[PDB]
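K.L.:
Pasting in a structure now, in structure tokens, and then I'll have a few things to ask.
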Amino acid sequence: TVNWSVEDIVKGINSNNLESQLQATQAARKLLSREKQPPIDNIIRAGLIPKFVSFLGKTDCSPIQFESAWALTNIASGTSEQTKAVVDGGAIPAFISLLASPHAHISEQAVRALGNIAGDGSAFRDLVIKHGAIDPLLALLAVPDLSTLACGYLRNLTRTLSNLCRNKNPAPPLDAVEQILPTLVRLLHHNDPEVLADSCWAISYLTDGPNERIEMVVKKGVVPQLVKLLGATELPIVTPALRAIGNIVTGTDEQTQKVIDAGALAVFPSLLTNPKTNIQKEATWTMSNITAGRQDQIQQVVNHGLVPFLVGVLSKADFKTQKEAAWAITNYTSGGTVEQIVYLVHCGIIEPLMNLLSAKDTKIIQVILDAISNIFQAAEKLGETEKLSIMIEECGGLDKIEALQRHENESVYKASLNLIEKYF
Ligand SMILES: [Cl-]
């Protein structure tokens with residue numbers, strides 16, 4: 001069945017010989033598994049999807065169920081229009097019936113096919129849910145110990161469940177999320193790196209929304225496990241774990257506190273120096289939504305030794321990361337006590353802050369300028385306003401601020417002039 005033409009496949013599928021149809025379907029499946037440019041569109045144009053879908057129901061002939069399920073899975077893993085062709089052929093209810101197949105390799109294909117369809121987008125996600133996929137999917141995981149399941153099979157179930165958690169506008173139905181979450185919590189404790197990665201992605205999707213979505217997740221007790229995975233060695237795990245934690249700290253101060261209470265801040269020395277740029281970037285963004293919290297939460301950042309790491313990120317990092325660092329400092333200086341803001345200067349924030357004021361980005365400049373203002377405000381409460389003026393002179397900051405009086409932006413000009421006057 002290697003190297004058939006689409007014309008030969010169609011000839012075999014149009015014979016009314018179940019074994020000839022089986023041969024041709026397998027030929028189609030191998031064509032569609034090809035690495036180089038599989039002829040998905042040619043198979044679709046030939047009108048083969050509805051025949052493949054009808055073969056999903058031939059319970060008398062499990063091999064042709066398998067080959068047609070795999071063929072359709074491959075098509076559904078392509079472009080959105082390709083995925084739509086599969087859905088338009090009636091594949092969704094047929095695949096959901098195949099979840100009850102006694103043949104593990106056949107129910108597995110149906111799991112994968114439904115994951116590919118649900119992962120296309122919110123509409124297909126919700127259509128898969130409306131056809132009732134969740135109950136039969138969760139039943140396949142209703143075992144006392146996940147470790148008795150075949151490794152590849154458990155990974156496909158995890159991947160498919162995370163795709164049912166994925167995408168927004170809208171987010172998934174609340175009742176669907178509640179139904180899935182307990183099984184997701186269990187997968188999040190399973191010791192396979194790929195199951196862990198995909199479960200973390202699932203949690204990152206569910207926490208990417210309003211505070212009530214976050215609370216659903218936080219109430220399940222998963223934050224300690226997320227923090228544990230935040231320290232994993234595998235970057236495919238750390239990345240979604242860090243995303244989930246970062247989402248959770250965009251919520252309320254009480255939700256942020258659960259992350260702190262679980263020990264998250266002790267991982268940030270590594271995260272804020274991580275060789276992977278996006279980890280450093282997302283770790284610094286997370287920090288900024290922690291320094292937007294309460295003064296006792298700022299104080300935890302201090303106690304964990306993280307101000308020097310923020311100074312470090314400001315001084316040298318990818319620019320996008322330095323931008324988040326700037327944000328973290330301004331949030332820190334808006335909400336911090338006077339003692340806390342003084343500590344920040346004593347750690348060296350001023351010189352790296354000044355040096356970023358020469359960046360060809362207008363947003364960061366207004367963020368840095370705001371932070372400088374909030375620091376002076378604290379300097380006033382101590383009268384050491386004079387001494388701060390000097391520091392900013394001694395490192396080239398006054399040169400930088402003077403020129404910003406004359407900037408394309410008006411909010412930039414307003415703030416810079418308002419400072420060169422009020423303090424110099
Ligand atoms: Cl674990």
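Every chain in the structure tokens takes a letter, A first, then B, and so on in the order presented; its residues are numbered from 1, and the ligands are numbered from 1 following the presented order.
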Can you pull out the residues contacting residue 173 in chain A? Cut-off 10 Å, using only C-alpha atoms, and skip same-chain residues under 6 positions away; I want them as an MDAnalysis selection string.

P.N.:
chainID A and resid 125:126 129 164:165 179

K.L.:
Residues within 9 Å of residue 367 in chain A, please, as a count of residues only. Count only C-alpha atoms; anything in the same chain fewer than 2 positions from it doesn't count.

P.N.:
13

K.L.:
Please provide the set of residues having any atom within 8 Å of range 292-305 of chain A, restricted to only C-alpha atoms, with same-chain residues fewer than 4 positions apart removed, written as a list in words.

P.N.:
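Near range 292-305 of chain A, the qualifying residues are residues 253, 256, 257, 260, 265, 266, 288, 309, 328, 331, 332, 334, 335, 336, 337 and 340 of chain A.
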
K.L.:
Rank nothing, just name the residue among A:21, A:163, A:14, A:280 nearest to residue 317 in chain A, using only C-alpha atoms.

P.N.:
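Among the listed residues, the smallest separation from residue 317 in chain A belongs to A:280.
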
K.L.:
Can you tell me which residues sit at most 7 Å away from ligand 1, counting only C-alpha atoms and all ligand atoms, written as a CSV table (one decimal) with N, CA and C atoms, in the first residue's frame?

P.N.:
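The result, stored in result_6.csv:
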```csv
chain,number,residue,atom,x,y,z
A,189,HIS,N,-0.2,15.7,38.5
A,189,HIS,CA,0.7,14.9,39.4
A,189,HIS,C,1.3,13.7,38.8
A,190,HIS,N,1.1,13.5,37.5
A,190,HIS,CA,1.6,12.3,36.8
A,190,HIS,C,3.1,12.5,36.4
A,191,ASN,N,3.9,11.5,36.6
A,191,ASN,CA,5.3,11.6,36.4
A,191,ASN,C,5.8,11.4,35.0
```

K.L.:
Name all residues at most 10 Å from residue 93 in chain A (count only C-alpha atoms; drop same-chain ones fewer than 2 positions away) and give them as a PyMOL selection string.

P.N.:
chain A and resi 53+87+90-91+95-98+114+128+131-133

K.L.:
Using only C-alpha atoms, please write the residues we just selected to a file, as a compact mmCIF listing (two decimals), in the first residue's frame.

P.N.:
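Saved the output as part_1.txt:
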```txt
# COMPACT_ATOMS: atom_id res chain seq x y z
CA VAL A 53 -16.31 8.78 7.88
CA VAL A 87 -16.03 18.24 10.64
CA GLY A 90 -19.80 14.34 10.06
CA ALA A 91 -16.62 13.12 11.74
CA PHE A 95 -15.20 9.78 16.49
CA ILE A 96 -17.05 10.14 19.78
CA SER A 97 -18.63 6.72 19.19
CA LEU A 98 -15.18 5.30 18.54
CA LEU A 114 -11.03 15.01 18.53
CA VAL A 128 -17.00 18.80 20.19
CA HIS A 131 -21.61 16.42 20.88
CA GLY A 132 -20.74 15.02 24.33
CA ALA A 133 -17.04 14.16 24.01
```

K.L.:
So that I can see what lies close to residue 158 in chain A, please list as number ranges by chain the residues with an atom at most 9 Å from it, counting only C-alpha atoms and leaving out residues fewer than 4 positions away in the same chain.

P.N.:
A: 153-154, 162-163, 184, 187, 194-196, 198-199, 202

K.L.:
Output C-alpha atoms for every residue in that selection, as a CSV table (one decimal), in the first residue's frame.

P.N.:
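Below is the file that was written, result38.csv:
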```
chain,number,residue,atom,x,y,z
A,153,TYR,CA,-2.4,6.6,25.0
A,154,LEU,CA,-2.2,8.7,28.2
A,162,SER,CA,-5.8,20.5,27.1
A,163,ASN,CA,-7.1,21.4,23.7
A,184,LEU,CA,-6.5,17.6,35.0
A,187,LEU,CA,-2.6,14.5,35.3
A,194,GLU,CA,4.9,15.3,28.3
A,195,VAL,CA,1.8,14.7,30.3
A,196,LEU,CA,3.1,17.3,32.8
A,198,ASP,CA,0.4,19.5,28.4
A,199,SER,CA,-1.4,19.6,31.8
A,202,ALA,CA,-4.2,23.3,30.1
```

K.L.:
Rank A:22, A:140, A:248, A:10 by their smallest atom-to-atom distance to residue 46 in chain A, using only C-alpha atoms, and report the top residue only.

P.N.:
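With only C-alpha atoms as the atom set, the closest residue is A:10.
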
K.L.:
Have a look at A:29, A:186, A:387, A:219 and name the one nearest to residue 52 in chain A; count only C-alpha atoms.

P.N.:
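That would be A:29, the residue with the smallest distance to residue 52 in chain A.
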
K.L.:
Looking at only C-alpha atoms, which of A:375, A:13, A:404, A:71 is the one that sits closest to residue 359 in chain A?

P.N.:
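When distances to residue 359 in chain A are compared using only C-alpha atoms, the smallest one comes from A:404.
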
K.L.:
With a distance cut-off of 8 Å and only C-alpha atoms, select the neighbouring residues of residue 423 in chain A, excluding the residue or stretch itself and same-chain residues fewer than 3 positions from it, and output the selection as a ChimeraX atom specification.

P.N.:
/A:385-386,389,419-420

K.L.:
Can those selected residues be exported to a file as a compact mmCIF listing (two decimals), in the first residue's frame so that it contains N, CA, C and O atoms?

P.N.:
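Okay, result_28.txt is ready:
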```
# COMPACT_ATOMS: atom_id res chain seq x y z
N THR A 385 15.82 64.45 49.03
CA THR A 385 15.63 64.88 47.65
C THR A 385 16.90 65.45 47.03
O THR A 385 17.19 65.18 45.86
N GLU A 386 17.62 66.27 47.79
CA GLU A 386 18.87 66.83 47.30
C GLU A 386 19.82 65.70 46.89
O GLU A 386 20.28 65.66 45.74
N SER A 389 18.98 63.89 43.59
CA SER A 389 19.29 64.69 42.41
C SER A 389 20.71 64.42 41.93
O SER A 389 20.95 64.27 40.72
N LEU A 419 9.81 67.40 35.96
CA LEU A 419 10.82 66.88 36.87
C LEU A 419 12.09 67.73 36.88
O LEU A 419 12.60 68.07 37.95
N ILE A 420 12.62 68.07 35.70
CA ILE A 420 13.80 68.93 35.63
C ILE A 420 13.56 70.23 36.38
O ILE A 420 14.50 70.86 36.88
```

K.L.:
Extract, using only C-alpha atoms, all DNA, RNA and protein residues at most 10 Å from residue 216 in chain A, discarding same-chain residues fewer than 4 positions from it, and format them as an MDAnalysis selection string.

P.N.:
chainID A and resid 174 177:178 181 206:207 211:212 220:221

K.L.:
Go ahead and write the residues just picked, N, CA and C atoms, as a CSV table (one decimal), in the first residue's frame.

P.N.:
```csv
chain,number,residue,atom,x,y,z
A,174,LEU,N,-18.1,27.1,31.4
A,174,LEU,CA,-17.8,26.9,32.8
A,174,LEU,C,-18.0,25.5,33.3
A,177,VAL,N,-15.4,23.1,32.1
A,177,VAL,CA,-14.1,23.3,32.8
A,177,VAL,C,-14.2,22.6,34.2
A,178,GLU,N,-15.4,22.8,34.9
A,178,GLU,CA,-15.6,22.1,36.2
A,178,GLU,C,-15.5,20.6,36.0
A,181,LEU,N,-11.7,19.7,35.3
A,181,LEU,CA,-10.6,20.1,36.2
A,181,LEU,C,-10.1,19.0,37.1
A,206,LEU,N,-6.7,27.9,31.2
A,206,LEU,CA,-7.9,28.1,32.1
A,206,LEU,C,-7.7,29.3,33.0
A,207,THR,N,-6.5,29.6,33.4
A,207,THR,CA,-6.2,30.8,34.2
A,207,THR,C,-6.0,32.0,33.4
A,211,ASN,N,-10.9,36.8,37.0
A,211,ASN,CA,-10.5,36.3,38.3
A,211,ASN,C,-11.3,35.1,38.7
A,212,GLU,N,-12.6,35.1,38.2
A,212,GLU,CA,-13.4,33.9,38.6
A,212,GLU,C,-12.9,32.7,37.9
A,220,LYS,N,-8.8,24.5,43.4
A,220,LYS,CA,-8.5,23.1,43.3
A,220,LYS,C,-7.2,22.7,44.0
A,221,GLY,N,-6.4,23.6,44.5
A,221,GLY,CA,-5.2,23.3,45.2
A,221,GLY,C,-4.0,23.1,44.4
```

K.L.:
Output as a tab-separated table one row per residue of range 287-395 of chain A within 12 Å of range 239-245 of chain A: the closest atom pair and its distance in Å to one decimal place, counting only C-alpha atoms, sorted by chain and residue number ascending.

P.N.:
```
residue	atom	partner	partner_atom	distance
A:287	CA	A:245	CA	10.4
A:289	CA	A:245	CA	10.6
A:290	CA	A:245	CA	10.8
```
